[PDB]
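*Asks:* One structure coming up, written as structure tokens, with questions to follow.
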Amino acid sequence: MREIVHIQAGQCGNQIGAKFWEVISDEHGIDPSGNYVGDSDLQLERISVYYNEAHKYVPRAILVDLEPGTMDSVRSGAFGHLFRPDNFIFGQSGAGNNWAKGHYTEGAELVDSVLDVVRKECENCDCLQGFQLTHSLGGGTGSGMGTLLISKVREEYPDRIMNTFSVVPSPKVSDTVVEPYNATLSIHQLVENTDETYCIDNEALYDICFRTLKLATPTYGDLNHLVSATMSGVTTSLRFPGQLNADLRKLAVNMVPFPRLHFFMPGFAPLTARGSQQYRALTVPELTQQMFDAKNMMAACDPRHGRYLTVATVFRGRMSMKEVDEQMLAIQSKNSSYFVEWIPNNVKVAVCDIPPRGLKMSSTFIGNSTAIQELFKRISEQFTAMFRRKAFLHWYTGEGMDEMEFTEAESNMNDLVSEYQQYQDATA
Amino acid sequence: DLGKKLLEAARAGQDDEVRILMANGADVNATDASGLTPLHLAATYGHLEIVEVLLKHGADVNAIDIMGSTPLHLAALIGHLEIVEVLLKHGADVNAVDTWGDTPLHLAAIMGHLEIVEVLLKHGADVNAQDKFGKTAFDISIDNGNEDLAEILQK
Amino acid sequence: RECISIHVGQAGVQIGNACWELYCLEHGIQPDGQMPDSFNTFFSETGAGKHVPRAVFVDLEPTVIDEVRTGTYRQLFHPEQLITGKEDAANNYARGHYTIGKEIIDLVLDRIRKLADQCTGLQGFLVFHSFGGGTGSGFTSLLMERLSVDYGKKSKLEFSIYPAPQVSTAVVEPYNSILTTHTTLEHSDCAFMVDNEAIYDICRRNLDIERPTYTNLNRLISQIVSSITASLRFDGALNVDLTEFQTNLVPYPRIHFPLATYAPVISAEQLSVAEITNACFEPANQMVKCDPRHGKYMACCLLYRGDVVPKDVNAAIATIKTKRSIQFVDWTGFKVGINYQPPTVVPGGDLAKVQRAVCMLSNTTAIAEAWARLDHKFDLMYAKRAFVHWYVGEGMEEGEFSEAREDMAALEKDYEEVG
Ligand SMILES: Nc1nc2c(ncn2[C@@H]2O[C@H](COP(=O)(O)OP(=O)(O)OP(=O)(O)O)[C@@H](O)[C@H]2O)c(=O)[nH]1
Ligand SMILES: Nc1nc2c(ncn2[C@@H]2O[C@H](COP(=O)(O)OP(=O)(O)OP(=O)(O)O)[C@@H](O)[C@H]2O)c(=O)[nH]1
Ligand SMILES: [Mg+2]
Ligand SMILES: [Mg+2]
């Protein structure tokens, strides 16, 4: 279980993807030219998980968009010239938020060139773990082409783990009314074809920046500061030696009791604004209670409205493993009602000594909570409002789709909701 | 048939063709197979000038299609604020109820069109109006955790 | 004569590291195998003068065994007896037993045969493994099935690590534990369970270690392993062969899980024979949490080591039968072994040197409480079929869960019927 192959698709996918490679390159001591410049050999022990070694470390990253301009903006970022140039795969226009163009026409015209590059990266892997895709669900390319890519990769590599960071749309951030269509069509594909999906909710990211961080007009840069701090925390266990959730498959076996209920709620503490001076690091009690706080969730759901099936928590920084154990035991004790009794010992704790940049103490929560149904219900309600009036359907069906895929996607997502509800009400 | 041409020109935003078609006698209140009129279609697809032209020449601002949708339902759903204002100015029924029990307020609330929600409220949208499942727009805002919308619905 | 030790998965390998480190010290062997004969049961002899463990280490991932290949004992073992695949069992019994374990099982058996061929009188195998890991549970079961076919007359003993939430890193460990106990039961002659919670608690309370690591746990475990295998390595008079373990401890073949109790455990910071013998009946020195006063004894051995006079053992044994309520099943003795060498402790270690020590091995029905605990956690998850799809997708049928569980319910009934 060594190599992970990263794929970033569409504008959102490539923007959060670029930020991820910036952030983990700093943690691992990789500079924008690919040289190692770090001071700890913990940094290099698992470098092969995310980097090819030519002496020069190159991200195992594949960059895709129907929109050609995305190649340019990535390349102009700090690490843009470290990506392998032949791993940029781009089309001629852009899908205009049309999931069907992404999945069936223009995106299907481009996908085999993507798979060629995927194939080529998978061949150099000693022991391929599987795949990590960053995308948004509300656009046309990251959603429609991204999910086509997932299915084609799955059939060609059925024994490897497929993981996504999927950015869920909110009207607070993007007032395009077809995004619930695109999200719902995509969620149907993610239910059947991924092993684990981190739900990055723009609704939650906006609320955090607006209400907690007091940012007047949150930008994508503000949202993405939270995303990248989440993506670094939830991959810490993959990127450094350790005992818990050390690769994608052990993570999955710990986090997924039922194959369809593989949508995770990412939480993070402390929540920071960019260019702020986080002074007075948090205590261990503070990291613990803040991690389970609805206001630190990257999914817009209240965990205390549902129940935790499984949870993983990673503490980063110099602190007492003994007081972490005590605080974690305590928050389960007091809140036992919120943790399903029929999955004993369902909260796992790791403590990793290297903190992220900017912080001396931080923690990351990964929850499989039935409260995630609130996010699915929100998307479903919007989808249904639009679909009942058949608004803009011809725009989709004129690209090869049948109306019945809408119906099938809606019913699958509502089935997903009922399943969360079923285990939420289940008793030992 | 000029009615089917006018419906398609209202939908596509073809202002000149709308004008030439009406001058040849096109039925301003023509309906497609589902009961949508040229005004429903212009309101859906955001074509404000065609909305104004149709209203100045006899379009029924409160026409319903087969599902009980008015133009104002569709403008509120898709989120076209200027069109919502023009429809209300021309006597649109702020509280029209469709076959799902929805009012324009329910649809603007669901889709997060907060500025339209406020306009509808100031024009007397019924905060007590219940959909077929018994929810008012305020229920929708509480059930889905939308605190910005919940505050506006009580201003 | 010979015994072959087999260490499977992370826990089995790392405990193996600690046991052979201790064995080497007990017998005067250096980490390169040189020594300036009783322990020939456990060590072959090159005749460059090199004494090599009759030991195999197997893991489906390389990381833990790579440390043995580049550590202090990098020259102790046969390098072809350090065997690793590339993808581990992912905490999944089914991957250790079927889909991944199948890629390396033949190599492992061929390498065991190589050891077996150097033996003039092989007694059998000592097998070290966790219950909770995918390799420790699934590949062990597979290996024990193959060993039963390929070595039908040989004895097989286990040292098995029973899971504890304090150091657990998988929610599914109760599944792997029941699956491997079911499939190994008919192939194992005697098995010594080590509850990680009991060892953890001893480390905190007797060694004043606030947060025990593996290393702390494993050095304590290996002192207990050593007291159990010393008869095999020092030509004792009790438990001289592997077959004798069954004879002395297992009067009933499915109920083959003795409780180990060890004393004294003293922090690096002297007790009489009567005192350490009394300490054998205190629950805090047990290697498995349970209550022998709520059960019946079927067989008991006391294994002393150090400055121990037989008359003082006989007197102390007389006192405890005439004071305590040690109820033996009616179908009632103590067997005694004395090794006169002083207990050894590792340089590094947390344990004080002591002048005399004892390990009691008692087959008590109270260990059924340990099974009941695992079974109950199994039942909670299985009733919802939580995580079951991971197993069914890795070469296993769903009915194997209920077959394993019914077998555990029979085993619990076996304990109830003996008393
Ligand atoms: N959090 C976050 N969301 C983004 C970002 N960029 C776009 N989005 C969201 O993504 C959705 C639109 O999808 P895009 O990534 O822009 O579309 P695309 O995948 O490039 O597909 P097309 O442009 O239709 O071909 C909306 O919900 C946006 O709010 C970003 O940098 N960060
Ligand atoms: N006492 C002790 N227990 C250990 C050690 N290593 C792991 N464990 C316990 O072993 C169980 C799971 O770890 P390992 O289980 O052996 O897993 P594995 O056999 O390598 O199998 P996979 O990694 O799933 O392929 C848990 O109960 C751990 O607490 C160790 O060195 N000593
Ligand atoms: Mg785009
Ligand atoms: Mg392992």
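By convention in this document, the chains of the structure tokens carry letters A, B, ... by their order, each chain's residues are numbered from 1, and ligands are numbered from 1 in the order they are shown.
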What do you get as a ChimeraX atom specification if you pick all residues at most 6 Å from ligand 3, counting only C-alpha atoms and all ligand atoms?
*Replies:* /A:10-11,67,94
*Asks:* Write out, as a PDB file, in the first residue's frame, the residues just selected, with C-alpha atoms.
*Replies:*
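Written file, selection04.pdb:
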```pdb
ATOM      1  CA  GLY A  10     -12.542  21.394 -13.153  1.00  0.00           C
ATOM      2  CA  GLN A  11     -11.991  24.798 -11.590  1.00  0.00           C
ATOM      3  CA  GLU A  67     -11.727  24.702 -19.657  1.00  0.00           C
ATOM      4  CA  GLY A  94     -15.788  24.216 -20.703  1.00  0.00           C
TER       5      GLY A  94
END
```
*Asks:* Leaving out residue 168 of chain A and any residue of its chain fewer than 5 positions from it, which residues lie within 6 Å of it when counting only C-alpha atoms, given as a list in words?
*Replies:*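 That gives residues 137, 201 and 202 of chain A.
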*Asks:* Taking N, CA, C and O atoms for each residue, export the selection above as a PDB file, in the first residue's frame.
*Replies:*
```
ATOM      1  N   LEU A 137     -19.164  19.302  -7.025  1.00  0.00           N
ATOM      2  CA  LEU A 137     -20.327  18.616  -7.552  1.00  0.00           C
ATOM      3  C   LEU A 137     -21.286  19.582  -8.273  1.00  0.00           C
ATOM      4  O   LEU A 137     -22.202  19.123  -8.938  1.00  0.00           O
ATOM      5  N   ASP A 201     -18.562  21.066   2.367  1.00  0.00           N
ATOM      6  CA  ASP A 201     -19.801  21.800   2.025  1.00  0.00           C
ATOM      7  C   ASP A 201     -19.566  23.307   1.900  1.00  0.00           C
ATOM      8  O   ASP A 201     -19.278  23.917   2.922  1.00  0.00           O
ATOM      9  N   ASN A 202     -19.710  23.882   0.700  1.00  0.00           N
ATOM     10  CA  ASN A 202     -19.568  25.340   0.617  1.00  0.00           C
ATOM     11  C   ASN A 202     -20.524  26.076   1.565  1.00  0.00           C
ATOM     12  O   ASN A 202     -20.228  27.202   2.006  1.00  0.00           O
TER      13      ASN A 202
END
```
*Asks:* Counting only C-alpha atoms, which of B:39, B:63, B:21, B:111 gets nearest to chain A?
*Replies:*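 Closest to chain A of all the choices is B:111.
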*Asks:* Output the contact residues of chain A with respect to chain B at a cut-off of 10 Å, based on only C-alpha atoms, as a list in words.
*Replies:* residues 170, 171, 172, 175, 176, 177, 178, 180, 203, 207, 300, 301, 302, 374, 375, 377, 378, 379, 381, 382, 383, 384, 385, 386, 388, 389, 391 and 392 of chain A
*Asks:* Of the residues A:29, A:91, A:107, A:242, which is the one nearest to ligand 2, using only C-alpha atoms and all ligand atoms?
*Replies:*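 That would be A:242, the residue with the smallest distance to ligand 2.
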*Asks:* Enumerate residues in contact with ligand 1: an atom-to-atom distance of at most 9 Å, counting only C-alpha atoms and all ligand atoms. Format the result as a PyMOL selection string.
*Replies:* chain A and resi 9-16+65-67+70+93-99+101-102+107+135-146+167-176+179+183+200-202+205-206+219-224+226-227
*Asks:* Given a cut-off of 8 Å, what residues near ligand 2 show up using only C-alpha atoms and all ligand atoms, put as a count of residues only?
*Replies:* 48
*Asks:* Please extract the residues of segment 295-372 of chain C with a backbone DSSP assignment of strand (DSSP E) and present them as a list in words.
*Replies:* residues 297, 298, 299, 300, 301, 302, 303, 304, 305, 306, 335, 336, 337, 338, 339, 356, 357, 358, 359, 360, 361, 362, 363 and 364 of chain C
*Asks:* Name all residues at most 12 Å from residue 38 of chain C (count only C-alpha atoms; drop same-chain ones fewer than 2 positions away) and give them as a VMD selection string.
*Replies:* chain C and resid 1 to 2 26 to 27 40 to 44 230 to 236 240
*Asks:* When you get a sec, could you note down which chain A residues fall within 10 Å of chain C, using only C-alpha atoms, as a PyMOL selection string?
*Replies:* chain A and resi 1-2+126-129+241+243-259+309-310+312+320-322+325+341-350+423+426-428
*Asks:* Residues near residue 44 of chain A, anyone? I mean within 12 Å using only C-alpha atoms, not counting same-chain ones fewer than 5 positions away, as a PDB file with C-alpha atoms, in the first residue's frame.
*Replies:*
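Final file, out-v3.pdb:
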```pdb
ATOM      1  CA  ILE A  24       1.698  19.048   1.960  1.00  0.00           C
ATOM      2  CA  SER A  25       4.810  20.056   0.033  1.00  0.00           C
ATOM      3  CA  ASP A  26       5.645  22.413   2.895  1.00  0.00           C
ATOM      4  CA  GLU A  27       4.990  19.749   5.539  1.00  0.00           C
ATOM      5  CA  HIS A  28       7.305  17.311   3.671  1.00  0.00           C
ATOM      6  CA  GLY A  29      10.048  19.872   2.879  1.00  0.00           C
ATOM      7  CA  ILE A  30       9.538  19.762  -0.910  1.00  0.00           C
ATOM      8  CA  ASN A  35      14.171  19.470  -4.021  1.00  0.00           C
ATOM      9  CA  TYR A  36      13.962  18.349  -0.407  1.00  0.00           C
ATOM     10  CA  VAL A  37      14.908  21.109   2.055  1.00  0.00           C
ATOM     11  CA  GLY A  38      13.538  19.711   5.333  1.00  0.00           C
ATOM     12  CA  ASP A  39      15.071  19.118   8.784  1.00  0.00           C
ATOM     13  CA  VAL A  49       2.667   7.941  -1.013  1.00  0.00           C
ATOM     14  CA  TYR A  50       2.206  11.267  -2.834  1.00  0.00           C
ATOM     15  CA  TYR A  51       5.480  11.870  -4.752  1.00  0.00           C
ATOM     16  CA  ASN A  52       7.361  10.134  -7.535  1.00  0.00           C
ATOM     17  CA  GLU A  53      11.144  10.294  -7.090  1.00  0.00           C
ATOM     18  CA  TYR A  57      10.168  14.739  -5.979  1.00  0.00           C
ATOM     19  CA  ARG A 239       1.639  10.596   4.928  1.00  0.00           C
ATOM     20  CA  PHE A 240       3.584   9.785   8.095  1.00  0.00           C
ATOM     21  CA  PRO A 241       4.398   6.553   9.928  1.00  0.00           C
TER      22      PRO A 241
END
```
*Asks:* My list of candidates is C:143, C:410, C:64, C:336. Which is closest to ligand 4 when distances are computed with only C-alpha atoms and all ligand atoms?
*Replies:*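 Going through C:143, C:410, C:64, C:336 one by one, the smallest distance to ligand 4 is for C:64.
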*Asks:* Residue 369 of chain A: which residues within 9 Å, counting only C-alpha atoms, same-chain residues fewer than 5 positions away excluded, as a PyMOL selection string?
*Replies:* chain A and resi 263-265+303+306-311+339+420+424
*Asks:* Would you save the residues of that selection, restricted to N, CA and C atoms, as an mmCIF file, in the first residue's frame?
*Replies:*
```
data_model
loop_
_atom_site.group_PDB
_atom_site.id
_atom_site.type_symbol
_atom_site.label_atom_id
_atom_site.label_comp_id
_atom_site.auth_asym_id
_atom_site.auth_seq_id
_atom_site.Cartn_x
_atom_site.Cartn_y
_atom_site.Cartn_z
ATOM 1 N N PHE A 263 -19.886 8.635 3.248
ATOM 2 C CA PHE A 263 -19.797 10.114 3.152
ATOM 3 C C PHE A 263 -19.420 10.659 4.528
ATOM 4 N N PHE A 264 -18.239 11.257 4.613
ATOM 5 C CA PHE A 264 -17.727 11.715 5.922
ATOM 6 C C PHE A 264 -17.886 13.218 6.125
ATOM 7 N N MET A 265 -18.158 13.560 7.378
ATOM 8 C CA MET A 265 -18.197 14.921 7.881
ATOM 9 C C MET A 265 -16.825 15.259 8.485
ATOM 10 N N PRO A 303 -24.065 17.551 14.205
ATOM 11 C CA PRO A 303 -23.852 16.143 14.621
ATOM 12 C C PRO A 303 -24.774 15.718 15.736
ATOM 13 N N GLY A 306 -27.986 13.726 14.987
ATOM 14 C CA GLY A 306 -27.939 12.363 14.493
ATOM 15 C C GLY A 306 -27.013 11.589 15.446
ATOM 16 N N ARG A 307 -26.395 10.523 14.946
ATOM 17 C CA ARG A 307 -25.506 9.711 15.788
ATOM 18 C C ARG A 307 -24.280 9.291 14.996
ATOM 19 N N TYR A 308 -23.183 9.148 15.718
ATOM 20 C CA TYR A 308 -21.917 8.777 15.126
ATOM 21 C C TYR A 308 -21.825 7.263 14.965
ATOM 22 N N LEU A 309 -21.574 6.810 13.738
ATOM 23 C CA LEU A 309 -21.361 5.395 13.512
ATOM 24 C C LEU A 309 -19.915 5.038 13.815
ATOM 25 N N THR A 310 -18.988 5.861 13.317
ATOM 26 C CA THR A 310 -17.551 5.727 13.524
ATOM 27 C C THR A 310 -16.940 7.120 13.440
ATOM 28 N N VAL A 311 -15.832 7.314 14.156
ATOM 29 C CA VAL A 311 -15.124 8.588 14.235
ATOM 30 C C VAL A 311 -13.633 8.300 14.316
ATOM 31 N N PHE A 339 -23.387 8.294 20.240
ATOM 32 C CA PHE A 339 -22.530 7.287 19.613
ATOM 33 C C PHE A 339 -23.301 5.976 19.611
ATOM 34 N N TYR A 420 -29.540 6.429 6.330
ATOM 35 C CA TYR A 420 -29.050 7.172 7.486
ATOM 36 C C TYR A 420 -30.086 7.206 8.587
ATOM 37 N N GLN A 424 -29.831 5.688 12.329
ATOM 38 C CA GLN A 424 -29.994 6.687 13.373
ATOM 39 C C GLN A 424 -30.977 6.221 14.443
#
```
